[PDB]
Amino acid sequence: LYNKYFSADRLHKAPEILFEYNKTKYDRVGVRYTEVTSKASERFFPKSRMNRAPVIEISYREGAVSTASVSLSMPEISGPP
Amino acid sequence: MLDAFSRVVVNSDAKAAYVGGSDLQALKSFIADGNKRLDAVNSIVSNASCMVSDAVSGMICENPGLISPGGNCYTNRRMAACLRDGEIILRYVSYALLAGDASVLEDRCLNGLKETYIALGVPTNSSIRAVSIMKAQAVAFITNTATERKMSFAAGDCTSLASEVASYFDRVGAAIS
Amino acid sequence: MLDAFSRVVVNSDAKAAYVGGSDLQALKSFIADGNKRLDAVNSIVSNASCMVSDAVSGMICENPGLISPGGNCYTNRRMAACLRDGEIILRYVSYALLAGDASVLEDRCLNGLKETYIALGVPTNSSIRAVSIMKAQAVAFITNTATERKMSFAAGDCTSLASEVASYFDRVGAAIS
Ligand SMILES: *C(=C)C1=C(C)[C@@H](Cc2[nH]c(/C=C3N=C(/C=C4\NC(=O)[C@H](C)[C@H]4[C@@H](*)C)C(C)=C\3CCC(=O)O)c(CCC(=O)O)c2C)NC1=O
Ligand SMILES: *[C@@H](C)[C@H]1/C(=C/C2=NC(=C\c3[nH]c(C[C@H]4NC(=O)C(C=C)=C4C)c(C)c3CCC(=O)O)/C(CCC(=O)O)=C2C)NC(=O)[C@@H]1C
Ligand SMILES: *[C@@H](C)[C@H]1/C(=C/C2=NC(=C\c3[nH]c(C[C@H]4NC(=O)C(C=C)=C4C)c(C)c3CCC(=O)O)/C(CCC(=O)O)=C2C)NC(=O)[C@@H]1C
Ligand SMILES: *[C@@H](C)[C@H]1/C(=C/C2=NC(=C\c3[nH]c(C[C@H]4NC(=O)C(C=C)=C4C)c(C)c3CCC(=O)O)/C(CCC(=O)O)=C2C)NC(=O)[C@@H]1C
Ligand SMILES: *[C@H](C)[C@H]1/C(=C/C2=NC(=C\c3[nH]c(C[C@H]4NC(=O)C(C=C)=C4C)c(C)c3CCC(=O)O)/C(CCC(=O)O)=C2C)NC(=O)[C@@H]1C
Ligand SMILES: C=CC1=C(C)[C@@H](Cc2[nH]c(/C=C3N=C(/C=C4\NC(=O)[C@H](C)[C@H]4CC)C(C)=C\3CCC(=O)O)c(CCC(=O)O)c2C)NC1=O
């Protein structure tokens, strides 16, 4: 029993803080109230980093080494069936 | 303008409110070192998920009995719950740093938390260790002295804001001790 | 160039790095055998979707219970999550090959993976088989010995790089065993 302090109507709700910042005229700061949602796996895989991996993209053609480029990114990924 | 931020929490309605232009200029004029304060808050919220997960796991690796049978992090339900509490406490502390005012954290989060923990059987000693790891993380990001990640800031001194988050974390342990 | 690639991984920001000819010559001056190392990486990432699907399909034809009711590849949601993890693992192994260093694979992918799979009920022995098929695939592409696809390279010996991908795939099984 904890219903004195944390009632089930308000239980597990916490503020959120938001930034629309780029060093631009229309930049803002935002707040909202929200329910905190999380799952047991997160100790090693926080929600900010989870399900990201390194895509590597390389461009080349035989003897055209002056044109060559390599790129790295890490978006979220969905294995194709 | 800070009363508009407080209004949201007063209503608890989950509808977003935003400030810019003259309203954000009034906020930065009203709350001390706003320019450096907003970067200090941004440094925490940009890292908040990794902070909570590392701290919560940091309390478990030092005290593995928490995840043994009958331990208070045993089973996935309790583990998701703990990681959740970590995000809830960091949330109110990040908003107390934004306001420069601990009262939101005290009134809405720490009020009754000790008795709640005792009634649930949540170990307060281990809870204080998770909070103390988040204290060290936040101080490192605010001073940009974290060894695992550098962020971008204009040059200056931010010691007061770091010593400011220090006390706000310290209030959590002081409430639950 | 190297610092930007490192900051992409450190930030986890999902924004792509891009490089000129003078930048590429600087990274190739840092890397060992970049010319052959970049063709070896290119041979994997040109085939990565075909690799993951074939490896997961192979794990299933050797263990059909994975796709029976109560099987850990049963329902489309689980099948897609399993192909997501096959691609994750293969992507991290590719970056360890580009880096000439296991640390990124160990630190961001393999640390905590065993505990997470045990907590989820993901079968680690079946995971090791899927990874072992991806090892055989990658060794074949790097040496240009694949039976159904040929790739174009300047003539020479690439046995050291093949031995290199083998060691990184073996680290995955060693972590989750
Ligand atoms: C189940 C009935 C079952 C499978 C499904 C399949 C799984 C499997 N795959 C290999 C080896 C390779 N698979 C390769 C994949 C591809 N080859 C291509 O040319 C394209 C681009 C790509 C997608 C189709 C490759 C390259 C190899 C290695 C070289 C080769 O050509 O053979 C294995 C063998 C692994 C081992 O040695 O244990 C397996 C099991 N086989 C099944 O039985
Ligand atoms: C996610 C990676 C974040 C991030 C987090 C940081 N953690 C920092 C410090 C820190 N974390 C722990 C827990 C850890 N130590 C243990 O012994 C165990 C179990 C084996 C764990 C999991 C501790 C104890 C500490 C040290 C706190 C202290 O006592 O001072 C930290 C600050 C490090 C520093 O000062 O350089 C950070 C920022 N870091 C990131 O960059 C991402 C976003
Ligand atoms: C300690 C917390 C930090 C640090 C902070 C500093 N920030 C400084 C200036 C500055 N920062 C911002 C961004 C901030 N203001 C906003 O309005 C918003 C969001 C809408 C944010 C996120 C601004 C605009 C400025 C003002 C200067 C500028 O135009 O860039 C600053 C310098 C203060 C000064 O003017 O003397 C500091 C010290 N710096 C540090 O080194 C640690 C890590
Ligand atoms: C093992 C992986 C292969 C094999 C590879 C060889 N490639 C050789 C030369 C070579 N490769 C590239 C392309 C590569 N370098 C880059 O900078 C980029 C993209 C950014 C890529 C994809 C170049 C430019 C060259 C130079 C010669 C040319 O193609 O004009 C090579 C010769 C030795 C060396 O240069 O290190 C080999 C052995 N060869 C094989 O037979 C297996 C299958
Ligand atoms: C396929 C080869 C396996 C299999 C895999 C499944 N994994 C499931 C969930 C899951 N996997 C991870 C790890 C993944 N996320 C990361 O961030 C990284 C690395 C940076 C990795 C490697 C996570 C975190 C999760 C849980 C969270 C989520 O799914 O987003 C899963 C679903 C479990 C469930 O239904 O709860 C499956 C099926 N399953 C198999 O049968 C083979 C052996
Ligand atoms: C507004 C503020 C606010 C909070 C601060 C939290 C406080 C809070 N936490 C839990 C609930 C819990 N809290 C924990 C926390 C932990 N377990 C450990 O072993 C660690 C020491 C610690 C994390 C660091 C756990 C594991 C539960 C689950 C208890 C249970 O299931 O009985 C609950 C009760 C939910 C329930 O069990 O039904 C509440 C009210 N919620 C809020 O609304």
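Protein chains in written order, with the deposited numbering: chain A, 194 to 274; chain B, 1 to 177; chain C, 1 to 177. Just so you know, even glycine gets a beta-carbon here, dropped at the ideal spot from N, CA and C.
Give the DSSP-derived three-state secondary structure of residue i in the structure shown.
i: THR159/C; result: helix
i: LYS114/B; result: helix
i: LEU38/B; result: helix
i: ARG225/A; result: strand
i: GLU148/C; result: coil
i: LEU265/A; result: strand
i: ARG245/A; result: strand
i: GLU255/A; result: coil
i: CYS82/C; result: helix
i: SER167/C; result: helix
i: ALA102/B; result: coil
i: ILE89/C; result: helix
i: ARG203/A; result: coil
i: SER68/C; result: coil
i: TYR95/B; result: helix
i: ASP33/C; result: coil
Can you tell me whether residue i is buried or exposed? The criterion is at least 16 other CB atoms within 10 Å of its CB, across all chains shown.
i: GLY21/C; result: exposed
i: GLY70/B; result: exposed
i: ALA257/A; result: exposed
i: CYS82/B; result: buried
i: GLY86/B; result: buried
i: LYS135/B; result: buried
i: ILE60/B; result: buried
i: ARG37/C; result: buried
i: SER200/A; result: exposed
i: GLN25/B; result: exposed
i: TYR214/A; result: exposed
i: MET151/C; result: exposed
i: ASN35/C; result: exposed
i: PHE30/B; result: exposed
i: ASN47/B; result: buried
i: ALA130/C; result: buried
i: residue 181/C; result: Residue 181/C falls outside the range modelled here, since chain C spans only 1 to 177, and no answer is possible.
Note down, in chain order, every chain B residue with its Cβ under 9 angstroms from the Cβ of residue i.
i: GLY223/A; result: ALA16, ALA17, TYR18 and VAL19
At a CB-CB cut-off below 7 angstroms, which residues of chain B make contact with residue i?
i: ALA119/C; result: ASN76
i: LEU194/A; result: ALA119
i: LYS197/A; result: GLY112
What does residue i touch in chain A if you count any residue whose Cβ is under 8 angstroms from its own?
i: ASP13/B; result: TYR226
i: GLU87/B; result: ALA207, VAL229 and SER231
i: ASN42/C; result: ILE251 and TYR253
i: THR124/B; result: By Cβ distance, chain A contributes nothing, its closest Cβ being about 15 angstroms from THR124/B, past 8 angstroms.
Strictly below 7 angstroms CB to CB, what residues from chain A border residue i?
i: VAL165/C; result: Here the premise fails: no neighbours, minimum Cβ distance about 14 angstroms.
i: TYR95/C; result: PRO247 and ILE249
i: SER49/B; result: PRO239, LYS240 and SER241
I'd like the span of the alpha helix (DSSP H) that includes residue i, first residue to last.
i: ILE142/B; result: 124-142
i: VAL19/C; result: Run containing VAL19/C: none; DSSP gives neither H nor E here.
i: residue 185/C; result: Because chain C in this structure spans residues 1 to 177, residue 185/C falls outside the shown range and cannot be described.
i: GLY121/C; result: Looking at the DSSP string, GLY121/C is not in any alpha helix (DSSP H), and its letter there is neither H nor E.
i: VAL9/B; result: 2-11
i: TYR219/A; result: No alpha helix (DSSP H) contains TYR219/A, which DSSP labels as neither H nor E.
Interface residues of chain C around residue i at Cβ under 9 angstroms?
i: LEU211/A; result: None at all; the shortest Cβ gap to chain C is about 17 angstroms.
i: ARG84/B; result: Going along chain C, no residue has its Cβ under 9 angstroms from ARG84/B, so there is no contact; the nearest lies around 16 angstroms.
Identify the contact partners of residue i in chain A, using a Cβ-Cβ distance below 9 angstroms as the criterion.
i: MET79/B; result: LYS232, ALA233, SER234, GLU235 and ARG236
i: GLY112/C; result: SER234, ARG236, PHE237 and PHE238
i: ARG91/B; result: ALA207, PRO208, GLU209, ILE210, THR227 and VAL229
i: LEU38/C; result: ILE251, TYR253, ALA261 and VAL263
Mind listing the chain B neighbours of residue i? Cutoff is C-beta to C-beta under 8 angstroms, in chain order.
i: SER259/A; result: Chain B residues near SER259/A: none, gap ~33 angstroms exceeds 8 angstroms.
Where do the N-terminal and C-terminal ends of the beta strand (DSSP E) with residue i fall, by residue?
i: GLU209/A; result: 206-213
i: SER252/A; result: 248-252
Ligand 7 and residue i: does the residue's C-beta get closer than 8 angstroms to at least one heavy atom of that ligand?
i: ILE44/C; result: The ligand content of the structure shown is limited to ligand 1, ligand 2, ligand 3, ligand 4, ligand 5 and ligand 6, which means ligand 7 is not among them.
At a CB-CB cut-off below 8 angstroms, which residues of chain C make contact with residue i?
i: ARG149/B; result: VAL10 and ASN11
Show which residues of chain C have a CB atom less than 7 angstroms away from the CB atom of residue i.
i: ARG242/A; result: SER12
Exercise. When you get a sec, list the residues whose CB is within less than 5 angstroms of any heavy atom of ligand 1, chain order please.
Key: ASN47/C, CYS50/C, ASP54/C, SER57/C, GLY58/C, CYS61/C, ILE133/C, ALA136/C, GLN137/C, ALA140/C, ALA146/C, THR147/C, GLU148/C and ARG149/C
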